[PDB]
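**Q** An experimental structure, sequence included, is below.
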Amino acid sequence: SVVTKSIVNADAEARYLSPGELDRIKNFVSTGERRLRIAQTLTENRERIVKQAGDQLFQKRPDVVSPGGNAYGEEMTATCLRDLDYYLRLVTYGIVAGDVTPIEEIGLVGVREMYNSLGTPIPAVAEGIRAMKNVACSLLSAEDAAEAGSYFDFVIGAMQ
Amino acid sequence: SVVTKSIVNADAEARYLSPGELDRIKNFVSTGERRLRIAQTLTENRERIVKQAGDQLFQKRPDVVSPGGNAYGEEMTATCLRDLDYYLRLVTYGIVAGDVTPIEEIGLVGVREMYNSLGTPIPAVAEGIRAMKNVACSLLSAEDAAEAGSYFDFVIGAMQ
Amino acid sequence: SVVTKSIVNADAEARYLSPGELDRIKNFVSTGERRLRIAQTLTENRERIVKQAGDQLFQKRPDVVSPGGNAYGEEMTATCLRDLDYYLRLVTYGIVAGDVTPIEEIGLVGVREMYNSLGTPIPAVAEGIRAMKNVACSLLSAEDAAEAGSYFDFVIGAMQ
Amino acid sequence: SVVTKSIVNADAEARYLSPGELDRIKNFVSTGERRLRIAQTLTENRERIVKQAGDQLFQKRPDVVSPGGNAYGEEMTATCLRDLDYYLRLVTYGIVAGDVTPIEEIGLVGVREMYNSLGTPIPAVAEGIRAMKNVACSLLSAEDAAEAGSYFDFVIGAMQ
Amino acid sequence: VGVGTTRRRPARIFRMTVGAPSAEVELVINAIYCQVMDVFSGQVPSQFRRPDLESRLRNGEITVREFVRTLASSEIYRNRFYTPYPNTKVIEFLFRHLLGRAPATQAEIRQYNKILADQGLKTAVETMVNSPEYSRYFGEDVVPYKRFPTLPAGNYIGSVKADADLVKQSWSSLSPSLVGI
Amino acid sequence: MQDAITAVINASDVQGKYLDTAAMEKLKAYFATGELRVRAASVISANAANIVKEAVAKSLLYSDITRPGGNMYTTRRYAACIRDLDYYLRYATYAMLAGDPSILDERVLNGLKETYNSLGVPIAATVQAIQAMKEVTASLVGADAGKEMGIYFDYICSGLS
Amino acid sequence: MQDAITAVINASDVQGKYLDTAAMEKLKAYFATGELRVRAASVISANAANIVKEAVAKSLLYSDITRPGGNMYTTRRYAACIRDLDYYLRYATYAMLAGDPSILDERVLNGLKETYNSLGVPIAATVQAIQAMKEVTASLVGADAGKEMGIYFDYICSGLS
Amino acid sequence: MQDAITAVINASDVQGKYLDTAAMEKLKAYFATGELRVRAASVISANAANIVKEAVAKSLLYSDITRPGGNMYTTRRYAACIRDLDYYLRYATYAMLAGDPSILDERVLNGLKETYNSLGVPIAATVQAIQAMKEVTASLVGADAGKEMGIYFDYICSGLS
Amino acid sequence: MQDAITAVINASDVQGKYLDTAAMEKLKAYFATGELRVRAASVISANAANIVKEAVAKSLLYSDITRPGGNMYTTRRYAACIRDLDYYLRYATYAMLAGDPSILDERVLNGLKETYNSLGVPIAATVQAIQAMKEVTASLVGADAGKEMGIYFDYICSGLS
Amino acid sequence: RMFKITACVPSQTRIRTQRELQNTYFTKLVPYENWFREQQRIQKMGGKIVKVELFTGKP
Ligand SMILES: CCC1=C(C)/C(=C/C2=NC(=C\c3[nH]c(/C=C4\NC(=O)[C@H](C)[C@H]4CC)c(C)c3CCC(=O)O)/C(CCC(=O)O)=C2C)NC1=O
Ligand SMILES: CCC1=C(C)/C(=C/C2=NC(=C\c3[nH]c(/C=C4\NC(=O)[C@H](C)[C@H]4CC)c(C)c3CCC(=O)O)/C(CCC(=O)O)=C2C)NC1=O
Ligand SMILES: CCC1=C(C)/C(=C/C2=NC(=C\c3[nH]c(/C=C4\NC(=O)[C@H](C)[C@H]4CC)c(C)c3CCC(=O)O)/C(CCC(=O)O)=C2C)NC1=O
Ligand SMILES: CCC1=C(C)/C(=C/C2=NC(=C\c3[nH]c(/C=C4\NC(=O)[C@H](C)[C@H]4CC)c(C)c3CCC(=O)O)/C(CCC(=O)O)=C2C)NC1=O
Ligand SMILES: CCC1=C(C)/C(=C/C2=NC(=C\c3[nH]c(/C=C4\NC(=O)[C@H](C)[C@H]4CC)c(C)c3CCC(=O)O)/C(CCC(=O)O)=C2C)NC1=O
Ligand SMILES: CCC1=C(C)/C(=C/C2=NC(=C\c3[nH]c(/C=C4\NC(=O)[C@H](C)[C@H]4CC)c(C)c3CCC(=O)O)/C(CCC(=O)O)=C2C)NC1=O
Ligand SMILES: CCC1=C(C)/C(=C/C2=NC(=C\c3[nH]c(/C=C4\NC(=O)[C@H](C)[C@H]4CC)c(C)c3CCC(=O)O)/C(CCC(=O)O)=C2C)NC1=O
Ligand SMILES: CCC1=C(C)/C(=C/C2=NC(=C\c3[nH]c(/C=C4\NC(=O)[C@H](C)[C@H]4CC)c(C)c3CCC(=O)O)/C(CCC(=O)O)=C2C)NC1=O
Ligand SMILES: CCC1=C(C)/C(=C/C2=NC(=C\c3[nH]c(/C=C4\NC(=O)[C@H](C)[C@H]4CC)c(C)c3CCC(=O)O)/C(CCC(=O)O)=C2C)NC1=O
Ligand SMILES: CCC1=C(C)/C(=C/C2=NC(=C\c3[nH]c(/C=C4\NC(=O)[C@H](C)[C@H]4CC)c(C)c3CCC(=O)O)/C(CCC(=O)O)=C2C)NC1=O
């Protein structure tokens, strides 16, 4: 959580939580309801969101799904969709958290090494997350899209 | 070089090279003529090897030469050939040295960073290196191919 | 010992040692090396096991060393550590023997009677031996610690 | 002891104790007899000197004696006097030892932190110690008093 | 029964590095004291701290590496670690405090043990400060931080166990009685 | 470390399922508690030093522990005792805001009992002092805040003993 | 330090005797099979990445281990898992070149079981992954060299279990 | 470390009362013994190398330990044996000159038996060498000094036993 | 650092061109002289201590530098004077065997002049000692070996400049 | 007695993501005895020694 990140900084500083840090925690408390509503919308439209994102990503880079590609074949394409779904669930967790702390520990630490080992293309994965961001903006309110887009954007940058 | 690596160990020790280290230097001196002969063959047939290896790499990984691939178009493909030629010449320099250290200093340190930033697939570049090794095996004697294959394989591992 | 207990049971039923009993006798004799090694470790560290565990006992049960308690004063506390020393010695004997009949024969038949006559708290003695067991876990490897732990378990169980 | 401090320095040097350090130890052995006579005088005036110095200190800092001060009430004033007495006993022990390090370990190391928790005023405590030094100058012979004043001054400097 | 992400995730710690002069420079100074010397709270650098070393570091004349060497050489470190604890444990204390890791092998202990026995403690701390590992793992001009080394044999479990071992015993005068109200 | 929200997220990740209604209301409970938590944290920081002073006065001051040979009968020993109490209080305040005991387990209660034992400092004396600090803290923070602070401080005291 | 030739030398040193005929024969065998071992080791290093990829595909992937809550569910755990297999292979190939199983016990198997137990890694899963690596490495190295590599790989597995 | 005068001070501090006249008389006895101890300590440092050589000849020389495979039969092992004896002598000299054995217990003793057990060095052989060193040191220092230094050496041997 | 082959490779890399026949001839000269250089370097290693002693005597035998106030007139100063020459000799031997002097210049010559200037030690006196070392080394190793040693010593003289 | 020495070492082996310019070019003060090991260590790293100066008054 944002509180968790502030606590880590405070523990390093060896000082009680700063007044401004507590103020941001108060803001997180205020925005808990709005963040939960946005996360509920994403979870509700989960299947359609990542389905459209998968079509967009395969259209953008057809060699991911073509013969000789990493996800060539139905089973591997489904596995690629699962990896995207893992990322989508992490983004929903992060939107609830209000901080990048949830995602960073899951899918943003060593992810490049794991993807290189399996053989999947890191740039194509990043584009898939971008396609998800566009779909989410379509399926969410304007300011809801801004916040959700921010969390999505950190995920995309991590892939880079 | 073998002498260079021995010099590094001697620099830390501040002590004269042991009899085994001197024996390693003597072995390099004994095989200097063999290294020069292998380099003569490689340099003489270098251009032909480059063109043959390009054909093999394009067959094995047609995505690179496909539309949307890094080497799409004559100019990009020529750049791919030039990059492969730089790698092959570096391999020749390393073979003459007798150690992979000269090749590692010239390149393959940060090569992942550079090639990934450029946008060409690291696995496809590695496949091209493998094709070059196969062509060298065809064009060289087995004993020379053993040493040349070893230095090639070091380049392949660094690319990985 | 395992040998004497097997002989006793066979004596009661008037049977020469069964083939399986003979196998058990053979096995215990062969693994006697490991048994002696464990006992050697414990006798090597008699000083710290007793000292550290006894201090842990005093901290866990302050009432025993409090004024108007059984262990008040350095003289009485010295005797208390002496008792813990005796029980560790019995445990090493039991490990060597491979059976708990030496431990029982020497120092668990009537402990309640003796300690109640002295005024010492029997549960407190059990907790001190528990402290010795916990100290033993660090000193002995996991596989070794399980073997010695069982003898400690019998001592504490009889004590309670 | 001064010998203990010298031994610590020698241990850090990983050398046997220096001949000059041993000579210093012999010199303090000579000084110890006169120091013991001075210490006997200090023990003789253990209570009277404390009372006189305490009256001077109370005059210096009337607010502490006044209600709402640190030593507010008879019990708090007695505790303040007892703390001063403990410091005086530490001063006597340090003077006998010859090394201010024993005094520093017993007190004045973290004493400021203790005072911050307790609410005691460091300035008034320091003034009381200085008044004790003046009273001691009258109480003891000047040759012995000069060294004793330095020990008291070391405590005063640590307080300040 | 599924293990959550907190399965030895958080052992790492914030890294302190020197920079342009600001009040944060004293935060870096606090970190150097907090790690090279074992001030448990991390909010209490007690009296013993070396203000002249702090002044050099603030000016920029002394690099963080040199700051560490002076702090380790000083009698402050000796009194809290060298003299009370046996030299055998002192080697481990040096590895934990300076490099940030438990001693990897008996061979490392052996090298530092003869240094301690003959050359001296100041020589030993100087050798570790000058050691190649400090230059990269701990870094140069970077306040050393606790590090759990995966590659060395058994060093993760050893580092975890040694770091779990909080400092026991003390510099002792007027040793405490066993019982208190 | 962990938070209430972070711990629910961890549990959901273990399950492998997107936010459930049960997840929503557990998180919402943390969201509702946030106001109480932050107000109490500000109060705790403001009166932190006074809290330590009150606790030791109520429990260990003017006792044999303070009197010679009581493990607190030195200027250095007394300062160390106050320091360790402040360490526990600060980490407990952190943990109260976080809502989870992971912070206390990871930092506050790691090897502390063994170190205290080897030193000879009384675990029971520390536990009594911690309970006294809990009483003072509950009074200062308020009734609702005192209940939560009690839970976190209880984890520290129980782990120590 | 221990190697095959060095261990023969060390045993002779303990005796103090000059080189025996039996010692000469054992050292000669090491000299004799060094050629096959060296060529295979180079091949292993060249195809090291492919081997660990094949091993996780054959054993550790597409299962509950990599599904949620399986100690590989997160990218950090996955990266550490492939890294651990890579280290296992690297020190194993070191030891295979050396010819002596003592080296791996010195580095790879020193406290490894205790560390894995503490962190919660499945010992059995690691053993099966090592066996899967053994199959892949045998395929790449060839039977004659792979049999030699298999013995030292199996020693690593025996240490784990 | 601790000294004789410091030990008297420590007892007085534990009591809480000022140093008694009889306790001061005990301190005066320590002061009187210190002069002879200091002169003898200077003599001991001068002939320390010769004392170590004499003890090594008494036990280690022409011994199975020195013979191959005897655990003293290495260049590193022989150097380590010499260094360990020298370190024990230095600590013993510090303890005898100080007049308090607390320093010896504090630094040399703690886990010395455990370290020797882990290394595999023979504790009994070291103890016999310590007795030989005590005899040589007593001869060089003198009878009165030999009693104090011999008592400290006997204390170290007793801890080893 | 650099070697003969490495320096040729560096020039070829700057050029970007394939291996040249003239570069091959230069490398062949390095290979041809390498065997004799290796044997001579072994001789230099065997008699390194004697060479240092002879050169030290030649430059400084009852020297005014040894006499008080001569900047080498201390036990520490004399030991430092010996140490610097020994280090220069070892690095020069490695450079002569390698056939390239760039490594010697970078490792030894870089900063040496500034340090010597700060110390005030006479660079010319050190150069005379270095020339004496070159003469003694040439005598012991042989004329052909002396030519290579002379080149390394000339680089050392340039570093003194 | 100590010496003020400034040297710049290129971090060729590790292309460090974290800010390393301060390590790349630095000015420090080392004790006279420390200067021997430090100069050798900087030479081993391969960094060029920009300057050697003596803070102590007497050579
Ligand atoms: C060997 C003993 C020693 C000395 C002498 C010394 C001097 C010294 N004084 C300093 C700072 C300073 N010195 C002053 C001093 C003054 N300001 C005024 O208005 C007055 C006229 C004057 C005092 C009489 C100030 C204000 C600073 C801080 C400058 C800053 O960083 O903001 C600094 C900068 C680093 C720092 O400490 O923050 C050094 C190195 N350092 C030492 O280790
Ligand atoms: C062996 C070293 C050592 C020392 C010295 C020591 C002092 C000490 N002084 C105390 C109290 C105190 N100390 C003072 C001190 C003063 N008030 C004044 O106005 C004066 C300026 C000044 C003394 C001259 C006061 C007022 C208290 C009582 C605080 C209170 O409870 O209100 C207490 C707390 C009560 C207790 O004993 O339980 C301790 C522990 N403890 C130690 O272990
Ligand atoms: C994981 C976090 C953490 C803990 C828990 C910790 C505890 C800790 N407490 C210690 C000592 C100590 N702790 C106390 C504390 C007390 N005195 C009392 O009367 C009370 C019963 C009690 C607490 C109120 C004392 C007196 C010492 C020894 C101080 C000394 O004599 O040197 C020491 C030994 C080093 C030292 O002297 O400070 C440690 C490491 N350190 C840590 O990093
Ligand atoms: C919590 C972090 C985390 C993630 C995300 C994760 C995903 C993950 N993706 C996998 C496979 C895969 N991932 C891809 C990925 C792609 N192929 C493409 O064409 C696309 C560009 C791209 C995705 C959009 C493919 C093709 C595979 C199957 C590889 C194969 O079997 O050939 C595998 C291995 C097979 C398995 O599931 O056992 C894992 C573990 N694991 C994790 O621990
Ligand atoms: C060179 C000899 C050597 C070895 C082998 C070694 C092992 C080793 N593995 C570790 C962790 C680990 N080991 C694994 C291993 C696995 N998890 C799985 O699901 C699989 C079944 C399996 C491998 C395929 C994981 C996941 C971690 C990290 C756990 C964590 O922090 O969450 C650690 C802890 C430090 C770290 O996280 O890196 C060590 C020290 N260390 C060594 O020095
Ligand atoms: C495996 C490696 C190893 C070596 C080499 C070794 C040497 C060694 N040489 C010894 C003695 C000795 N060494 C020498 C040596 C020499 N005197 C001379 O005049 C010559 C110049 C020179 C030999 C060529 C002498 C004379 C002694 C006997 C000294 C004595 O006891 O008085 C001793 C002590 C007596 C004993 O063996 O118990 C050892 C241990 N120990 C080892 O563990
Ligand atoms: C505080 C002072 C201090 C002491 C006492 C000390 C003891 C000590 N002795 C050691 C080793 C050793 N000690 C011996 C000693 C002996 N071998 C024999 O046959 C004899 C019976 C005996 C000598 C009387 C040996 C052989 C080793 C090396 C063990 C090995 O690697 O084989 C080691 C291991 C590290 C090393 O190689 O030095 C320590 C730490 N360390 C210290 O800092
Ligand atoms: C101020 C401190 C200081 C000292 C002490 C010192 C000693 C010193 N002793 C020397 C030589 C020497 N030293 C000795 C010593 C001895 N030979 C024996 O048989 C005896 C046992 C013993 C004397 C009691 C000899 C024989 C030489 C001449 C060796 C030679 O150069 O051929 C030399 C080399 C010649 C020279 O002076 O240039 C120096 C420098 N230098 C210093 O700066
Ligand atoms: C890479 C190899 C290397 C070199 C070359 C080097 C130079 C070097 N020479 C030094 C000292 C020195 N060098 C000398 C040398 C001499 N005095 C004389 O009279 C002669 C003419 C001459 C020898 C031929 C002396 C006397 C000192 C000590 C300076 C002093 O404190 O007086 C020092 C000072 C630190 C020390 O004591 O070592 C360095 C760093 N450092 C190195 O790491
Ligand atoms: C605070 C941020 C920051 C900056 C700016 C910085 C600069 C910086 N650039 C470096 C290297 C370098 N920088 C370049 C840069 C270039 N070569 C070209 O042809 C281009 C014109 C140009 C890039 C636009 C090169 C080639 C090196 C390596 C030099 C070497 O060691 O060989 C180095 C040497 C250490 C290293 O390898 O990183 C530093 C310190 N360091 C920092 O911490």
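**A** The structure has been received and is ready for your questions. Numbering: from 1, shown residues only, chains lettered A, B, ... in the order given. Ligands and ions are numbered 1, 2, ... in the order given.

**Q** Can you say which helix or strand has residue 43 in it?
**A** All of this is about chain A. Per DSSP states H and E, residue A:43 falls inside helix A:32-44.

**Q** try chain J instead
**A** helix J:32-45.

**Q** what sits up against that helix?
**A** B:11-12, E:69, E:126, E:130, E:135, I:106-108, I:110-111, I:115, J:1-3, J:5, J:7, J:9, J:30, J:49, J:56 (Cβ atoms under 8 Å, 6 or more residues apart in numbering or on different chains). Any C-beta I mention is one placed from the backbone N, CA and C, and that applies to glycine too.

**Q** Give the other helices and strands that the following helix or strand past it contacts.
**A** As assigned by DSSP H and E, the chain's next helix or strand after helix J:32-45 is strand J:48-54. Secondary-structure packing of strand J:48-54 (3 or more Cβ pairs under 8 Å, 6 or more residues apart in numbering or on different chains; DSSP states H and E): helix I:112-119, strand J:2-8, helix J:32-45.

**Q** change it to 7 Å
**A** Packing contacts for strand J:48-54, counted by 3 or more Cβ pairs under 7 Å, 6 or more residues apart in numbering or on different chains; DSSP states H and E, involve helix I:112-119, strand J:2-8.

**Q** out of these, which comes closest to residue H:138?
**A** In terms of Cβ to Cβ, the element of the helices and strands packed on strand J:48-54 nearest to residue H:138 is strand J:2-8, at 46.4 Å.

**Q** ok, and does that closest one reach over to ligand 10?
**A** No. Counting by Cβ under 6 Å from any ligand atom, ligand 10 is not contacted by strand J:2-8; separation bottoms out at 8.7 Å.

**Q** ok, which stretches of chain F are helices?
**A** Along chain F, counting by DSSP state H, helices occupy F:4-15, F:21-46, F:48-59, F:75-98, F:102-103, F:112-119, F:123-141, F:143-160.

**Q** what sits against the closest residue to ligand 2 within chain F?
**A** With Cβ to the nearest ligand atom, the shortest gap between chain F and ligand 2 falls at residue F:66, namely 3.1 Å. Listed by Cβ atoms under 7 Å, 6 or more residues apart in numbering or on different chains, the contact set of residue F:66 reads F:60, F:72, F:73.

**Q** switch to 8 Å and redo it
**A** F:60, F:72, F:73, F:78.

**Q** Tell me which two of the residues you listed sit farthest apart.
**A** F:60 and F:73, at 11.1 Å, using Cβ to Cβ across those.

**Q** so residue F:94 touches residue A:21, yeah?
**A** No. Using Cβ atoms under 8 Å, residue F:94 is not in contact with residue A:21, being 11.3 Å away.

**Q** now the strands for chain E?
**A** Secondary structure of chain E (DSSP state E): strands at E:16-17, E:142-143.

**Q** Show me what the first one pairs with in its sheet, parallel or antiparallel.
**A** When pairs are called by DSSP bridges, strand E:16-17 turns out to pair with strand E:142-143 (antiparallel).

**Q** Check whether the strand it pairs with comes near ligand 10.
**A** No. Strand E:142-143 does not reach ligand 10 (Cβ under 6 Å from any ligand atom); its nearest approach is 12.8 Å.

**Q** circling back: of the contacts of residue F:66, which is the nearest to ligand 1?
**A** Using Cβ to the nearest ligand atom, those come closest to ligand 1 at residue F:78, 31.7 Å.

**Q** Kindly tell me how buried the residue lying closest to that closest one once chain neighbours are set aside is, as a neighbour count.
**A** With sequence-adjacent residues excluded and distances taken as Cβ to Cβ, 6 or more residues apart in numbering or on different chains, residue F:78 is closest to residue D:114, at 4.5 Å. Applying other Cβ atoms under 10 Å in any protein chain shown, we find 23 residues neighbouring residue D:114.

**Q** so residue D:114 touches residue F:73, yeah?
**A** No. Look at residue D:114 against residue F:73 with Cβ under 8 Å: they stay out of range, at 11.3 Å.
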